[PDB]
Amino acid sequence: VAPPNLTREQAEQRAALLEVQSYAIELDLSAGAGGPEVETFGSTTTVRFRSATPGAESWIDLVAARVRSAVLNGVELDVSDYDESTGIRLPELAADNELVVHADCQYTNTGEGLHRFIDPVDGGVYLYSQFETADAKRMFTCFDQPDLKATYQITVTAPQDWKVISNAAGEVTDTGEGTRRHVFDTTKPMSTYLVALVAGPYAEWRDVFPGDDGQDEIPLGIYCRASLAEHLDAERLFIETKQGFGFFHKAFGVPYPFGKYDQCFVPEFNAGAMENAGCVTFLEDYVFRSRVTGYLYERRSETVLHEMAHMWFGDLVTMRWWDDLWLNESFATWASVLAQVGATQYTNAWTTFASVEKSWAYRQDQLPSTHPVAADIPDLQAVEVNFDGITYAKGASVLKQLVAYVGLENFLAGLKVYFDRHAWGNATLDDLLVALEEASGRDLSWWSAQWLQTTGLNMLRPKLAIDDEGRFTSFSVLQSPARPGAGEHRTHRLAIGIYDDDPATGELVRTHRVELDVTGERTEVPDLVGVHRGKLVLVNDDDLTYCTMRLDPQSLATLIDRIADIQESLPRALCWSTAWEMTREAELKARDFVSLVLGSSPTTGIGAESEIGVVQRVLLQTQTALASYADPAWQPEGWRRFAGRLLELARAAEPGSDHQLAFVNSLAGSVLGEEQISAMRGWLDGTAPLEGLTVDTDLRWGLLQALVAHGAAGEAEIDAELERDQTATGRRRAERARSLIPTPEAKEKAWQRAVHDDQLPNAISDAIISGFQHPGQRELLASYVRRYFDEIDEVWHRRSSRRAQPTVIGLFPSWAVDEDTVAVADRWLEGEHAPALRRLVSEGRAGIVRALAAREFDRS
């Protein structure tokens, strides 16, 4: 028995019948600062709502340990058969209704509902809420669906040393008995999944965004655990926050809709961040206790602006049902990057987007599970696995392209129409399209039909002919049918770039750029006729569209021979992305990808790449190419080449630089030989340092984990390290290290605990899974292929979707690239399984099929 799996039709039935005005929520957290045995908190809800049909029956949702009382219009309801799957039935409704429910809800350690964590350092007890998708019902009684918006008035009694943060500002008074009562202002209307509670002895920083241009002042707060406060770069975070608030109200024509804005770094968080209105929560990894590269700063800033963007895209206007989640996530992702480029130091963020996030979109779109951006979601279980590379990155890429197509001025004017119309309410795909059509004066139905309602990618490549002076005599862009999918040819607004040698530096620079609408199978580009072809043609120059870009033969030979010579970072990153995707798609051999990346000198390959985020991403891709895509006979040689070159690059890198750190961190994830192991041990212990590399708390763990993985360190060294870092983060990092121990005994202990131990908190179970795989340990892991398929149904049955996913995705035998693994998956697929589980298993199988084709391609 479990919380409900609300269906689309059930949601529609409640929305047709009900209209909710208000919730008043009273939480008794007075016992919350007690020990690990404290199980429940008091939850009292008063909900005021209308029924269109007096006399009808409905139901409201609640996941609680006990319902003490439930009283509808003053009539006591029989809750003797309450269970969390059925909520509370509501018979004989009146036109106007008031329901009051007193219940004991449960704290979790799963990152769902009201999560409770105890800090081992100082004994501080920290709570935070996480309600998206449908976990609001674990804190208060509610119609837990996004189209029944209401106002919330939250009052909390808490241990007196706790701060309490919610959606709105509040007033606090002493109770006289060791607690404080926090009475929050009534919120603006919002969906249940956006209600927030963060409570504990969090460290606090305050600032203010001054009132500007019709937007009132915004009080700003930052919160984190007291034991982490010395590491929080508050000044930098407030600067980035205020840059966002200046940008978005100008862009959208709509001031920040909530009164204040708090950002809380919370323990044991499951995602990157969550856009609770006025009270955004973040993964603690973004509090940098150790030194990180510039890419992590950039990705944190992206996340900050993503969540700020949702204040409009999701919080002000919300999808009507989960099939339109993309209205929240695609738009927030697009707007985050638009803001980075427009308002922050991260003016390169479209390069990062092309390299990192688009690669996620491609992979997602090519799985057998591929779905349109505007998805079909029959129930909550279907959405729980749909926060994916299509809902986020493909959607964002399609929107970037829609901007290119209609123009930014028209697109922003359309957003203003949309926000003004649907403010404090819900919207669909149709509503968004109508707003955009109104602002642009264009029909976009056909556009939506081919771009938002379809799956797959179109390949785009130049077809050209040149005269004896190298000038084009003809030029067209060929478009392939959309795959995987329906095979349609789309309209793309794209640019073609021609690149040739700059006489002064010898680097490849853009000589010509032609932008046009490409349609159908072939589109001539007559303005390129007569132009010298140069050395490199890019038909998605400036990355305007969503496609599979490919090159003509001369251009591809230039990429292979001279990628580092590309002057500008964006077209160079598009070239790195092309090479990678060709590898994934069995068009470039893995060994050829590895050779491109490794280079052969200081000015060739990835060691010459200036953009740190591209360096990190390309290195991770190379490690995938080696383990998954290279001919098994060549893998050992490929790893020796990689490890040897990365040690050279690390030793050659500028002391203290981000490049130096990236190379070391890449070595720490690789299959290593004795020469690299011994170097790494000397860095860790400091008896033979790498000049300028500061081995700080988290780099010590990263190097020790690599040593453990290779059998060069063991449990005693892990235990000794945990003594040096006696923190909750240390416990997690020690768990990853213990899963990496390369023995059968160790691997079985790790499997048993990951799969079966439901007492461990989310973050620990996940850290255990995160050390299970390693590219040097394939032979140990081969003992788990049948184990996985034979045991995953029972995991899925026992854990929530959100808590089973790490096991399903993370223990899938992606290491076992063999037709035998495909046959085992095939037999599993012939059985009966939950649809969302089947989806995830098929995705893993598809990974194996893609790797087999790549391996055959690399074979020489």
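Residue indices: 1-based, along the sequence shown.
- Remark: stretch with higher mean C-alpha B factor among 253 to 261 and 143 to 151 is 253 to 261.
- Averaged over Cα atoms, the B-factor as recorded in the entry is higher for 439 to 447 than for the other of 473 to 481 and 439 to 447.
- Across the options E302, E581, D725, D696, the residue with the most elevated CA B-factor in the record is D725.
- Out of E611, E132, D212, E521, the entry records its largest CA B-factor for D212.
- When the modelled residues of the chain are ordered by C-alpha B-factor, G221 sits in the middle third.
- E587: CA B factor in the lowest third of modelled residues in this chain (values from the PDB entry).
- Placement of the Cα temperature factor of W796 within the chain: lowest third of the modelled residues, per the deposited record.
- Looking at the C-alpha B-factors along this chain, the one for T40 belongs to the middle third.
- Split the chain's modelled residues into thirds by C-alpha temperature factor. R732 is in the middle one.
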